[PDB]
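Next up: the same protein chain in two forms, each one alone, written as structure tokens (structure 1, then structure 2).
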Structure 1
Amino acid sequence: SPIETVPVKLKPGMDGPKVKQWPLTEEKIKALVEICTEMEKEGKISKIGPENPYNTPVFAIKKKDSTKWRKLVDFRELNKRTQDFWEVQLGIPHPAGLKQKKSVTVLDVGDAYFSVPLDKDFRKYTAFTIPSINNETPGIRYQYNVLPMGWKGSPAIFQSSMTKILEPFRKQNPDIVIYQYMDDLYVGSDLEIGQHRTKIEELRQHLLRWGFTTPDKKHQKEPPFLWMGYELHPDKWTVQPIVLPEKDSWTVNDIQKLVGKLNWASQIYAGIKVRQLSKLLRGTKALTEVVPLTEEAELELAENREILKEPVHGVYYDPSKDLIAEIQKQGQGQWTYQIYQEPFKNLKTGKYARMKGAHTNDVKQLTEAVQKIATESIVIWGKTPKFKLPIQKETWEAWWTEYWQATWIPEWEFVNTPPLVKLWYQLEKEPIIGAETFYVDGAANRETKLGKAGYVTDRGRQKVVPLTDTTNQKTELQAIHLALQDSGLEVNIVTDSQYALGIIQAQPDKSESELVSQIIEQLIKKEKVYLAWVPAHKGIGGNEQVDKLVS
């Protein structure tokens, strides 16, 4: 290609790589004098000599052609010594973001990286040695004149070059959509097939002038088109077949593979869950460690298989219609969603199941799912959808009025798909008449690891419980636990733990802490609870009595 090279440098103070080749067989090094001779004839590489002090090992894998080989160079050292780049690939195109087109073509560039020249001054650093005769002779060595596969600068420089080469055609044909992912070009248009093929031929000639071939073997003309791991039909798109592993004995690595495949499937298969399977990965120590599936993990896997054996498809985007995102709750902090425009015709699906923070509730997690969907929708379609959420307007209103942090959800309507999202309790804003008043306190000794938790009440009741292997905050939470345990359906509670008040006042319904979980249980079972704070060690009311009692 006559494209102008891109100047690249090594990091300051750094020099080139000086490593050695592997394994030196006459089959291997005769294959290495076999592969390169054609690249040298075409000008991709050039022979070099001992006055070049650098070296890097080379190898090759098999392409998905399964007959052609792919030449790779282990440039990890050179990459470590090469300047940083700003990557221009910001994300991955999705078929749900495509619009229906009358005529579609998919093209691939042949030997893409090898068609882009490398900066002259940099070429000396790409030197690779092939032993002449198993180290019995100086040795044959080459250097790259084009972008190597394995150098960290090659993909960005190729992408930039391809963008510059495509820009004229894009500006001249605004009514032709060209999705450009590496050397893979999707080309859609609303032209009749004849003039469409005319414009395709023009595009291929433009690419060829700049040295980018488009072999017919990788030129798709009729549906279904194979594109980015999907199959594109005129009216719908499908994922390419997903094959789940089937094992009698499962290792950590097998489960990791399975969860990954299920996540990939969740983009179009509705209702996928991976919580129980992922829990098996926790606490493990080796990738080859055998992990027996729990009962819950077996059930979750079976449900996923049932989902996956049913055929599904997504549809394409209609910009003259609204985007709609509907969310359902699945339990244990798992959420699934569908994005569509016409009912029962999903553009795509997805799921949200991250645990953010030690203590949270379903309203916060629903807000998080809404935010994930909003970001994804802006990426794919450039706008935010309208939401259908299983939460009452009264519940949301109560939450965002009582909660102290600013929060919001865009335009949404209530959809009655149980289980609904709800607040599981609400602390009273005023003290409760006729309810017992508990002054609670807990304290721990940091060097000793011993503590105590207790309460004093206005009705004359008092209690102190010893605690071992605890902390300060844990003793405070423990005092609240005692008060909730020994009180009736309605209770007033007074603590000096800004920490515990902080956790409980956020109305969490789940927690990574067993103690906080127990407190949540007790709060859900209560009828009315007023919780108040006072400063400690100021000799206040019953707080001084309980603080004296614990000590």
Structure 2
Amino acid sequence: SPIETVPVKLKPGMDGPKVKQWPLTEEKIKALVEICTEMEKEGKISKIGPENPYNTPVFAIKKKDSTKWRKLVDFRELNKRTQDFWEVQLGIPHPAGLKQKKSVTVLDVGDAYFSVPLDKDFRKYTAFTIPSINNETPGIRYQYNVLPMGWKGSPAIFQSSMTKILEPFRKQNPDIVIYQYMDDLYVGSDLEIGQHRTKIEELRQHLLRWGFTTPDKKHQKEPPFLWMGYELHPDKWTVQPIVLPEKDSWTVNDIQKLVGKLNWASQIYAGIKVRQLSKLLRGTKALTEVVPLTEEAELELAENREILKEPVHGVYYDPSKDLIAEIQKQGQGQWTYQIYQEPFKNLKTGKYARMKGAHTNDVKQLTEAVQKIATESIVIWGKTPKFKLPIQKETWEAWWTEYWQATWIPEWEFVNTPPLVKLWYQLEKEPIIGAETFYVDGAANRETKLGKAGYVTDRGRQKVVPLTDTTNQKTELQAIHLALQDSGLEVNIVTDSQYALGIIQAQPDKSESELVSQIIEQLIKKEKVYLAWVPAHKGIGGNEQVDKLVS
């Protein structure tokens, strides 16, 4: 309570909220009055009158099981008018980032927000009114003297306040680890439990001087500690149990809940997949829309359910050993990883399944997975791990030598875990002797959406295909598709499309486009392909003849 307040402002040019009070049942009014009275006695709020013009609605909501009433003030209007804040909560602590400690305590502070005073000049804005019953009186108005729940600035101002209060204790006790998450304090030490407990109550006393209680109901002295959704044992940690929906009939929203639970489970349960279930979310139009599970989605769900049946634990971090990250490929652009220091003793797991780009290959996605894990490792442990990757050094070598963008992966060892990541074809750097040469071209009418794709060859072959509902870029892709379709196992192709050349040169193995996908399929089945470019409309060789033909 005696912390200095943090000054806060409205946004420039804006006044406080002036929102009418929704009428309310006397039962709610009576409960609001009771609660408000207690808060007033405790000094959290003060009575104000009608000469303050601001207002925010107050609602009354029921308790978890007691039937006790709960006061909510809907500050949506005040929040839009309150200045922005730079948030200081940069991330979420993760149990795999903890080192083993000899003595551990988890504590909370009680009434955290209501222990921090609010800027005196800002208080008028937090005005709310308890209505009379059917307007018997205008009603009773209060304003906040402390950080309100539901105000945009409360979390940051509390977090900063608590950092300032713990700063003296941290400096004086540098071999005591304090994880501070909002009002929740994890405290680990290498002290004997007698001396550790002494230090705990020194800490409690320090918080009490500054107006922070530490109620015993929230003081945990024995493992397993309940912390940040986990269970901390001395040697190992556990996610609190995850229960998945078990519907007969699934809506979009049900699926969204399921994928979410699975993502959360994937931090420790290896091999979780959500691609087929998430596919169900595409192109839907209501949260209430019933969605039948595809066969793939059902198999994916059952696979995950198997994985969940078995118990799992993570272990804690030992800084004197290396971090090792191992990735397996799961198919359809899905990846799963484990992070460990000793074999079969995971710190945590994870998955990477994002589709970046219309056109890509497994080597790029593996590179993205490496980058994701590398970022997560710096967040959690402040360093980057060594990688074990299911890709040969020859494959990686062929990739970064031929691919034109700069690329890199840090120190990694090949691990033989099929399926391995590979390039699925490689364009020839020189024209192939003995191969037929195809001059391809496609053109579309911007206005009509009609076009043609075709080719002419050094062996006297030629073909033109009419296309409907197409584009310029598709007719060019279509032209190459035709050349691959009608040619042998070795072929030289000459296009004037920088677009089509650019896609294919990057050796994609998958695409959101069915046409590109077909082309990839074709490329994989050839023995050798050389793909060359010429500028259009310069009357050059075969290109001129083929351009002439599509016309």
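Heads up, when I say rigid core I mean the largest set of C-alphas that superpose within 1.5 Å between the two forms. Residue numbering: structure 1 sequence, from 1. Shifts are known only where both forms have a C-alpha.
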Checklist entry - Any idea which of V379, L281, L72, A286 has its C-alpha shifted 2 Å or more between structure 1 and structure 2 with the rigid core fixed? => result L72
Next on the checklist: Once the core is aligned, does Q21 move its Cα by at least 2 Å between structure 1 and structure 2?
Outcome noted: yes
Checklist entry - After the core is matched up, is the C-alpha of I133 off by 2 Å or more between structure 1 and structure 2? => result yes
Item to check | Did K62 shift 2 Å or more between structure 1 and structure 2, C-alpha, core superposed | outcome: yes
Item to check | Cα displacement of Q392 between structure 1 and structure 2, once the rigid core is superposed (Å) | outcome: 0.2
Next on the checklist: With the rigid core superposed, where do three or more consecutive residues all shift their C-alphas by 2 angstroms or more between structure 1 and structure 2?
Outcome noted: 20 to 23, 58 to 72, 132 to 134
